file input-v2.pdb (PDB, N, CA and C atoms)
MODEL        1
ATOM      1  N   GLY A   1       9.721  27.279 -14.590  1.00  0.00           N
ATOM      2  CA  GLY A   1      10.014  25.859 -14.658  1.00  0.00           C
ATOM      3  C   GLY A   1      10.830  25.494 -15.882  1.00  0.00           C
ATOM      4  N   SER A   2      11.472  24.331 -15.838  1.00  0.00           N
ATOM      5  CA  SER A   2      12.295  23.870 -16.950  1.00  0.00           C
ATOM      6  C   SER A   2      12.072  22.382 -17.209  1.00  0.00           C
ATOM      7  N   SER A   3      12.756  21.855 -18.220  1.00  0.00           N
ATOM      8  CA  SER A   3      12.632  20.447 -18.575  1.00  0.00           C
ATOM      9  C   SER A   3      13.062  19.554 -17.415  1.00  0.00           C
ATOM     10  N   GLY A   4      12.803  18.257 -17.547  1.00  0.00           N
ATOM     11  CA  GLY A   4      13.168  17.317 -16.503  1.00  0.00           C
ATOM     12  C   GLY A   4      13.893  16.101 -17.046  1.00  0.00           C
ATOM     13  N   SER A   5      13.809  14.991 -16.320  1.00  0.00           N
ATOM     14  CA  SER A   5      14.467  13.757 -16.732  1.00  0.00           C
ATOM     15  C   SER A   5      13.646  13.033 -17.795  1.00  0.00           C
ATOM     16  N   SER A   6      14.332  12.287 -18.657  1.00  0.00           N
ATOM     17  CA  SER A   6      13.669  11.547 -19.723  1.00  0.00           C
ATOM     18  C   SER A   6      14.129  10.093 -19.743  1.00  0.00           C
ATOM     19  N   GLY A   7      13.426   9.267 -20.512  1.00  0.00           N
ATOM     20  CA  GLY A   7      13.777   7.861 -20.606  1.00  0.00           C
ATOM     21  C   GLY A   7      12.578   6.952 -20.424  1.00  0.00           C
ATOM     22  N   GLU A   8      12.384   6.036 -21.367  1.00  0.00           N
ATOM     23  CA  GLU A   8      11.264   5.103 -21.307  1.00  0.00           C
ATOM     24  C   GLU A   8      11.758   3.671 -21.126  1.00  0.00           C
ATOM     25  N   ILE A   9      11.363   3.051 -20.020  1.00  0.00           N
ATOM     26  CA  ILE A   9      11.764   1.680 -19.727  1.00  0.00           C
ATOM     27  C   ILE A   9      10.697   0.956 -18.914  1.00  0.00           C
ATOM     28  N   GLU A  10      10.568  -0.347 -19.144  1.00  0.00           N
ATOM     29  CA  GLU A  10       9.584  -1.154 -18.431  1.00  0.00           C
ATOM     30  C   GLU A  10      10.086  -1.516 -17.036  1.00  0.00           C
ATOM     31  N   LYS A  11       9.166  -1.567 -16.078  1.00  0.00           N
ATOM     32  CA  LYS A  11       9.513  -1.902 -14.702  1.00  0.00           C
ATOM     33  C   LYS A  11       8.601  -3.000 -14.163  1.00  0.00           C
ATOM     34  N   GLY A  12       9.153  -3.855 -13.307  1.00  0.00           N
ATOM     35  CA  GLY A  12       8.375  -4.937 -12.732  1.00  0.00           C
ATOM     36  C   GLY A  12       7.391  -4.451 -11.686  1.00  0.00           C
ATOM     37  N   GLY A  13       7.613  -4.850 -10.437  1.00  0.00           N
ATOM     38  CA  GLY A  13       6.729  -4.442  -9.360  1.00  0.00           C
ATOM     39  C   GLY A  13       6.659  -5.469  -8.248  1.00  0.00           C
ATOM     40  N   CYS A  14       6.526  -4.995  -7.014  1.00  0.00           N
ATOM     41  CA  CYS A  14       6.449  -5.879  -5.858  1.00  0.00           C
ATOM     42  C   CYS A  14       5.663  -7.144  -6.191  1.00  0.00           C
ATOM     43  N   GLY A  15       4.342  -7.010  -6.265  1.00  0.00           N
ATOM     44  CA  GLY A  15       3.497  -8.149  -6.576  1.00  0.00           C
ATOM     45  C   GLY A  15       2.029  -7.866  -6.327  1.00  0.00           C
ATOM     46  N   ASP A  16       1.288  -8.897  -5.936  1.00  0.00           N
ATOM     47  CA  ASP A  16      -0.138  -8.755  -5.665  1.00  0.00           C
ATOM     48  C   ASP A  16      -0.447  -9.067  -4.203  1.00  0.00           C
ATOM     49  N   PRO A  17      -0.215  -8.079  -3.326  1.00  0.00           N
ATOM     50  CA  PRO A  17      -0.461  -8.224  -1.888  1.00  0.00           C
ATOM     51  C   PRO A  17      -1.948  -8.300  -1.559  1.00  0.00           C
ATOM     52  N   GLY A  18      -2.781  -8.271  -2.595  1.00  0.00           N
ATOM     53  CA  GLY A  18      -4.217  -8.338  -2.395  1.00  0.00           C
ATOM     54  C   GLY A  18      -4.736  -7.205  -1.533  1.00  0.00           C
ATOM     55  N   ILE A  19      -6.032  -7.229  -1.243  1.00  0.00           N
ATOM     56  CA  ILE A  19      -6.650  -6.195  -0.423  1.00  0.00           C
ATOM     57  C   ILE A  19      -7.274  -6.790   0.836  1.00  0.00           C
ATOM     58  N   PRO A  20      -7.135  -6.073   1.960  1.00  0.00           N
ATOM     59  CA  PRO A  20      -7.680  -6.511   3.250  1.00  0.00           C
ATOM     60  C   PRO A  20      -9.203  -6.453   3.284  1.00  0.00           C
ATOM     61  N   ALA A  21      -9.807  -7.352   4.055  1.00  0.00           N
ATOM     62  CA  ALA A  21     -11.260  -7.402   4.177  1.00  0.00           C
ATOM     63  C   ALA A  21     -11.734  -6.624   5.398  1.00  0.00           C
ATOM     64  N   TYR A  22     -10.990  -5.584   5.758  1.00  0.00           N
ATOM     65  CA  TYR A  22     -11.334  -4.759   6.909  1.00  0.00           C
ATOM     66  C   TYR A  22     -11.416  -3.286   6.521  1.00  0.00           C
ATOM     67  N   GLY A  23     -10.680  -2.915   5.477  1.00  0.00           N
ATOM     68  CA  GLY A  23     -10.684  -1.537   5.020  1.00  0.00           C
ATOM     69  C   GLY A  23     -10.602  -1.427   3.511  1.00  0.00           C
ATOM     70  N   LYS A  24     -10.328  -0.222   3.021  1.00  0.00           N
ATOM     71  CA  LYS A  24     -10.223   0.015   1.586  1.00  0.00           C
ATOM     72  C   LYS A  24      -8.804   0.424   1.206  1.00  0.00           C
ATOM     73  N   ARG A  25      -8.348  -0.042   0.047  1.00  0.00           N
ATOM     74  CA  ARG A  25      -7.009   0.277  -0.431  1.00  0.00           C
ATOM     75  C   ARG A  25      -7.068   1.230  -1.622  1.00  0.00           C
ATOM     76  N   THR A  26      -5.998   1.993  -1.817  1.00  0.00           N
ATOM     77  CA  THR A  26      -5.929   2.946  -2.918  1.00  0.00           C
ATOM     78  C   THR A  26      -4.697   2.700  -3.782  1.00  0.00           C
ATOM     79  N   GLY A  27      -4.917   2.169  -4.981  1.00  0.00           N
ATOM     80  CA  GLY A  27      -3.814   1.894  -5.883  1.00  0.00           C
ATOM     81  C   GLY A  27      -3.743   0.433  -6.283  1.00  0.00           C
ATOM     82  N   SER A  28      -4.723  -0.015  -7.059  1.00  0.00           N
ATOM     83  CA  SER A  28      -4.769  -1.403  -7.507  1.00  0.00           C
ATOM     84  C   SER A  28      -3.457  -1.803  -8.176  1.00  0.00           C
ATOM     85  N   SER A  29      -2.783  -0.825  -8.772  1.00  0.00           N
ATOM     86  CA  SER A  29      -1.517  -1.073  -9.452  1.00  0.00           C
ATOM     87  C   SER A  29      -0.349  -0.986  -8.473  1.00  0.00           C
ATOM     88  N   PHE A  30       0.646  -1.845  -8.672  1.00  0.00           N
ATOM     89  CA  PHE A  30       1.820  -1.867  -7.807  1.00  0.00           C
ATOM     90  C   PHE A  30       3.103  -1.813  -8.632  1.00  0.00           C
ATOM     91  N   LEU A  31       3.763  -0.659  -8.612  1.00  0.00           N
ATOM     92  CA  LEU A  31       5.003  -0.475  -9.357  1.00  0.00           C
ATOM     93  C   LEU A  31       6.176  -0.232  -8.412  1.00  0.00           C
ATOM     94  N   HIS A  32       7.383  -0.211  -8.968  1.00  0.00           N
ATOM     95  CA  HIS A  32       8.586   0.014  -8.174  1.00  0.00           C
ATOM     96  C   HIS A  32       8.650   1.457  -7.682  1.00  0.00           C
ATOM     97  N   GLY A  33       8.304   1.662  -6.415  1.00  0.00           N
ATOM     98  CA  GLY A  33       8.329   2.996  -5.846  1.00  0.00           C
ATOM     99  C   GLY A  33       6.942   3.509  -5.511  1.00  0.00           C
ATOM    100  N   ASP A  34       5.934   2.675  -5.739  1.00  0.00           N
ATOM    101  CA  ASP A  34       4.552   3.050  -5.458  1.00  0.00           C
ATOM    102  C   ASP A  34       4.204   2.790  -3.996  1.00  0.00           C
ATOM    103  N   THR A  35       3.351   3.643  -3.436  1.00  0.00           N
ATOM    104  CA  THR A  35       2.940   3.506  -2.045  1.00  0.00           C
ATOM    105  C   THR A  35       1.460   3.151  -1.942  1.00  0.00           C
ATOM    106  N   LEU A  36       1.166   2.061  -1.243  1.00  0.00           N
ATOM    107  CA  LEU A  36      -0.212   1.613  -1.067  1.00  0.00           C
ATOM    108  C   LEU A  36      -0.738   1.998   0.311  1.00  0.00           C
ATOM    109  N   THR A  37      -1.748   2.863   0.334  1.00  0.00           N
ATOM    110  CA  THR A  37      -2.342   3.312   1.587  1.00  0.00           C
ATOM    111  C   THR A  37      -3.693   2.645   1.824  1.00  0.00           C
ATOM    112  N   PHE A  38      -4.163   2.698   3.065  1.00  0.00           N
ATOM    113  CA  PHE A  38      -5.444   2.098   3.424  1.00  0.00           C
ATOM    114  C   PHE A  38      -6.267   3.050   4.287  1.00  0.00           C
ATOM    115  N   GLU A  39      -7.489   2.638   4.610  1.00  0.00           N
ATOM    116  CA  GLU A  39      -8.376   3.453   5.431  1.00  0.00           C
ATOM    117  C   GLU A  39      -9.521   2.615   5.994  1.00  0.00           C
ATOM    118  N   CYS A  40     -10.004   2.999   7.171  1.00  0.00           N
ATOM    119  CA  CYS A  40     -11.097   2.284   7.818  1.00  0.00           C
ATOM    120  C   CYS A  40     -12.213   3.244   8.220  1.00  0.00           C
ATOM    121  N   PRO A  41     -13.463   2.762   8.146  1.00  0.00           N
ATOM    122  CA  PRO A  41     -14.641   3.560   8.498  1.00  0.00           C
ATOM    123  C   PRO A  41     -14.730   3.834   9.995  1.00  0.00           C
ATOM    124  N   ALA A  42     -15.898   4.282  10.442  1.00  0.00           N
ATOM    125  CA  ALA A  42     -16.114   4.580  11.853  1.00  0.00           C
ATOM    126  C   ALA A  42     -16.169   3.300  12.681  1.00  0.00           C
ATOM    127  N   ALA A  43     -16.030   3.445  13.995  1.00  0.00           N
ATOM    128  CA  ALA A  43     -16.066   2.300  14.897  1.00  0.00           C
ATOM    129  C   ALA A  43     -14.931   1.328  14.595  1.00  0.00           C
ATOM    130  N   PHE A  44     -13.814   1.861  14.108  1.00  0.00           N
ATOM    131  CA  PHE A  44     -12.656   1.039  13.777  1.00  0.00           C
ATOM    132  C   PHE A  44     -11.362   1.832  13.941  1.00  0.00           C
ATOM    133  N   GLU A  45     -10.320   1.158  14.418  1.00  0.00           N
ATOM    134  CA  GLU A  45      -9.026   1.799  14.624  1.00  0.00           C
ATOM    135  C   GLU A  45      -7.936   1.093  13.825  1.00  0.00           C
ATOM    136  N   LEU A  46      -7.058   1.878  13.210  1.00  0.00           N
ATOM    137  CA  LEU A  46      -5.966   1.329  12.414  1.00  0.00           C
ATOM    138  C   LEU A  46      -5.117   0.369  13.241  1.00  0.00           C
ATOM    139  N   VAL A  47      -4.926  -0.840  12.724  1.00  0.00           N
ATOM    140  CA  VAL A  47      -4.132  -1.850  13.413  1.00  0.00           C
ATOM    141  C   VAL A  47      -3.045  -2.410  12.502  1.00  0.00           C
ATOM    142  N   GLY A  48      -2.059  -1.576  12.185  1.00  0.00           N
ATOM    143  CA  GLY A  48      -0.972  -2.006  11.324  1.00  0.00           C
ATOM    144  C   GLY A  48      -0.337  -0.853  10.573  1.00  0.00           C
ATOM    145  N   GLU A  49       0.467  -1.176   9.566  1.00  0.00           N
ATOM    146  CA  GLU A  49       1.140  -0.157   8.768  1.00  0.00           C
ATOM    147  C   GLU A  49       0.139   0.609   7.908  1.00  0.00           C
ATOM    148  N   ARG A  50      -0.121   1.857   8.282  1.00  0.00           N
ATOM    149  CA  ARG A  50      -1.059   2.696   7.545  1.00  0.00           C
ATOM    150  C   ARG A  50      -0.739   2.691   6.054  1.00  0.00           C
ATOM    151  N   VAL A  51       0.537   2.872   5.727  1.00  0.00           N
ATOM    152  CA  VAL A  51       0.975   2.888   4.336  1.00  0.00           C
ATOM    153  C   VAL A  51       2.356   2.261   4.188  1.00  0.00           C
ATOM    154  N   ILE A  52       2.487   1.349   3.232  1.00  0.00           N
ATOM    155  CA  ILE A  52       3.757   0.676   2.986  1.00  0.00           C
ATOM    156  C   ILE A  52       4.417   1.197   1.714  1.00  0.00           C
ATOM    157  N   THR A  53       5.665   0.793   1.494  1.00  0.00           N
ATOM    158  CA  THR A  53       6.409   1.217   0.314  1.00  0.00           C
ATOM    159  C   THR A  53       7.151   0.046  -0.318  1.00  0.00           C
ATOM    160  N   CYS A  54       6.919  -0.170  -1.608  1.00  0.00           N
ATOM    161  CA  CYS A  54       7.567  -1.257  -2.331  1.00  0.00           C
ATOM    162  C   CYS A  54       9.070  -1.262  -2.074  1.00  0.00           C
ATOM    163  N   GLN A  55       9.687  -2.430  -2.225  1.00  0.00           N
ATOM    164  CA  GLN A  55      11.122  -2.569  -2.007  1.00  0.00           C
ATOM    165  C   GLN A  55      11.814  -3.092  -3.262  1.00  0.00           C
ATOM    166  N   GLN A  56      11.158  -2.928  -4.406  1.00  0.00           N
ATOM    167  CA  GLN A  56      11.711  -3.386  -5.676  1.00  0.00           C
ATOM    168  C   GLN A  56      12.373  -4.750  -5.520  1.00  0.00           C
ATOM    169  N   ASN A  57      11.876  -5.540  -4.574  1.00  0.00           N
ATOM    170  CA  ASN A  57      12.421  -6.869  -4.323  1.00  0.00           C
ATOM    171  C   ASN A  57      11.314  -7.920  -4.320  1.00  0.00           C
ATOM    172  N   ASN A  58      10.350  -7.759  -5.221  1.00  0.00           N
ATOM    173  CA  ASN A  58       9.235  -8.692  -5.322  1.00  0.00           C
ATOM    174  C   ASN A  58       8.615  -8.950  -3.952  1.00  0.00           C
ATOM    175  N   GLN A  59       8.691  -7.952  -3.077  1.00  0.00           N
ATOM    176  CA  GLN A  59       8.137  -8.071  -1.733  1.00  0.00           C
ATOM    177  C   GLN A  59       7.818  -6.698  -1.152  1.00  0.00           C
ATOM    178  N   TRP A  60       7.031  -6.682  -0.083  1.00  0.00           N
ATOM    179  CA  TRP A  60       6.651  -5.433   0.568  1.00  0.00           C
ATOM    180  C   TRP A  60       7.317  -5.306   1.933  1.00  0.00           C
ATOM    181  N   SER A  61       7.575  -4.070   2.349  1.00  0.00           N
ATOM    182  CA  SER A  61       8.213  -3.813   3.635  1.00  0.00           C
ATOM    183  C   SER A  61       7.368  -4.363   4.779  1.00  0.00           C
ATOM    184  N   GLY A  62       6.049  -4.311   4.612  1.00  0.00           N
ATOM    185  CA  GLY A  62       5.152  -4.807   5.638  1.00  0.00           C
ATOM    186  C   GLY A  62       3.878  -5.392   5.061  1.00  0.00           C
ATOM    187  N   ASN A  63       3.154  -6.151   5.878  1.00  0.00           N
ATOM    188  CA  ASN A  63       1.910  -6.773   5.440  1.00  0.00           C
ATOM    189  C   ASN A  63       0.759  -5.773   5.480  1.00  0.00           C
ATOM    190  N   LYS A  64      -0.353  -6.133   4.846  1.00  0.00           N
ATOM    191  CA  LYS A  64      -1.527  -5.270   4.810  1.00  0.00           C
ATOM    192  C   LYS A  64      -2.020  -4.961   6.221  1.00  0.00           C
ATOM    193  N   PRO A  65      -2.509  -3.729   6.421  1.00  0.00           N
ATOM    194  CA  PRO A  65      -3.022  -3.282   7.719  1.00  0.00           C
ATOM    195  C   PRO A  65      -4.332  -3.969   8.093  1.00  0.00           C
ATOM    196  N   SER A  66      -5.034  -3.401   9.068  1.00  0.00           N
ATOM    197  CA  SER A  66      -6.302  -3.962   9.522  1.00  0.00           C
ATOM    198  C   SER A  66      -7.159  -2.893  10.192  1.00  0.00           C
ATOM    199  N   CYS A  67      -8.384  -3.264  10.549  1.00  0.00           N
ATOM    200  CA  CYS A  67      -9.306  -2.339  11.199  1.00  0.00           C
ATOM    201  C   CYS A  67      -9.979  -2.996  12.400  1.00  0.00           C
ATOM    202  N   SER A  68      -9.777  -2.413  13.576  1.00  0.00           N
ATOM    203  CA  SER A  68     -10.362  -2.942  14.803  1.00  0.00           C
ATOM    204  C   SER A  68     -10.129  -1.989  15.971  1.00  0.00           C
ATOM    205  N   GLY A  69     -11.212  -1.621  16.650  1.00  0.00           N
ATOM    206  CA  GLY A  69     -11.106  -0.717  17.781  1.00  0.00           C
ATOM    207  C   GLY A  69     -12.347   0.134  17.961  1.00  0.00           C
ATOM    208  N   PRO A  70     -12.568   0.614  19.193  1.00  0.00           N
ATOM    209  CA  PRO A  70     -13.726   1.450  19.522  1.00  0.00           C
ATOM    210  C   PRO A  70     -13.636   2.837  18.893  1.00  0.00           C
ATOM    211  N   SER A  71     -14.460   3.758  19.383  1.00  0.00           N
ATOM    212  CA  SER A  71     -14.476   5.122  18.866  1.00  0.00           C
ATOM    213  C   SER A  71     -13.332   5.940  19.456  1.00  0.00           C
ATOM    214  N   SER A  72     -13.305   7.228  19.131  1.00  0.00           N
ATOM    215  CA  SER A  72     -12.263   8.120  19.625  1.00  0.00           C
ATOM    216  C   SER A  72     -12.813   9.058  20.697  1.00  0.00           C
ATOM    217  N   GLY A  73     -13.862   9.797  20.346  1.00  0.00           N
ATOM    218  CA  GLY A  73     -14.465  10.721  21.287  1.00  0.00           C
ATOM    219  C   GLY A  73     -15.300  10.018  22.338  1.00  0.00           C
TER
ENDMDL
END

call {"tool": "encode", "arguments": {"input": "input-v2.pdb", "output": "structure tokens"}}
result
Amino acid sequence: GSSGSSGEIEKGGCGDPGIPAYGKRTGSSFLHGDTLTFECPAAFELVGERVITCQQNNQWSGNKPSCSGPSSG
């Protein structure tokens, strides 16, 4: 392995899309280029964008997901 890129600078971030009341989110922090994923327990099916990606435009590509649906097996 070898050295990499350097440089220290402050960055903004999409915003505070909050957390859904149907599942759990991973990544309380939201930076430019960060991906926020979600998950739902049993007796629930993913109903939306499993994981979104910031657009460095004070906005998100999609809204928070959801949880609703029967079992699988």

call {"tool": "residues_near_point", "arguments": {"input": "input-v2.pdb", "point": "(3.3, -3.5, -11.2)", "cutoff": "10 Å", "atoms": "only C-alpha atoms", "output": "number ranges by chain"}}
result
A: 10-16, 28-34, 58

call {"tool": "closest_residue", "arguments": {"input": "input-v2.pdb", "among": "A:56, A:4, A:49, A:42", "to": "residue 69 of chain A", "atoms": "all atoms listed in the file"}}
result
A:42

call {"tool": "atom_distance", "arguments": {"input": "input-v2.pdb", "atom1": "atom N of residue 71 of chain A", "atom2": "atom C of residue 43 of chain A"}}
result
5.4 Å

call {"tool": "atom_distance", "arguments": {"input": "input-v2.pdb", "atom1": "atom CA of residue 36 of chain A", "atom2": "atom CA of residue 73 of chain A"}}
result
28.0 Å

call {"tool": "residues_around", "arguments": {"input": "input-v2.pdb", "residues": "residue 51 of chain A", "least_positions_apart": "3", "cutoff": "8 Å", "atoms": "only N, CA and C atoms", "output": "list in words"}}
result
residues 35, 36, 37, 38, 48, 54, 62 and 65 of chain A

call {"tool": "closest_residue", "arguments": {"input": "input-v2.pdb", "among": "A:66, A:2, A:61, A:55", "to": "residue 39 of chain A", "atoms": "only N, CA and C atoms"}}
result
A:66

call {"tool": "resolve_selection", "arguments": {"input": "input-v2.pdb", "expression": "the PyMOL selection byres ((chain A and resi 22) around 6)", "output": "list in words"}}
result
residues 20, 21, 23, 24, 40, 66 and 67 of chain A

call {"tool": "atom_distance", "arguments": {"input": "input-v2.pdb", "atom1": "atom CA of residue 27 of chain A", "atom2": "atom CA of residue 70 of chain A"}}
result
27.3 Å

call {"tool": "select_by_dssp", "arguments": {"input": "input-v2.pdb", "residues": "chain A", "states": "strand (DSSP E or B)", "output": "JSON, numbers by chain"}}
result
{"A": [24, 25, 26, 35, 36, 37, 38, 39, 46, 51, 52, 53, 54, 60, 67]}

call {"tool": "residues_around", "arguments": {"input": "input-v2.pdb", "residues": "residue 68 of chain A", "least_positions_apart": "3", "cutoff": "6.5 Å", "atoms": "all atoms listed in the file", "output": "list in words"}}
result
residues 43, 44, 45, 46 and 47 of chain A

call {"tool": "axis_aligned_box", "arguments": {"input": "input-v2.pdb", "around": "segment 14-32 of chain A", "padding_each_side": "3 Å", "output": "JSON"}}
result
{"center_x": -1.5, "center_y": -3.1, "center_z": -1.3, "size_x": 26.4, "size_y": 18.0, "size_z": 22.4}
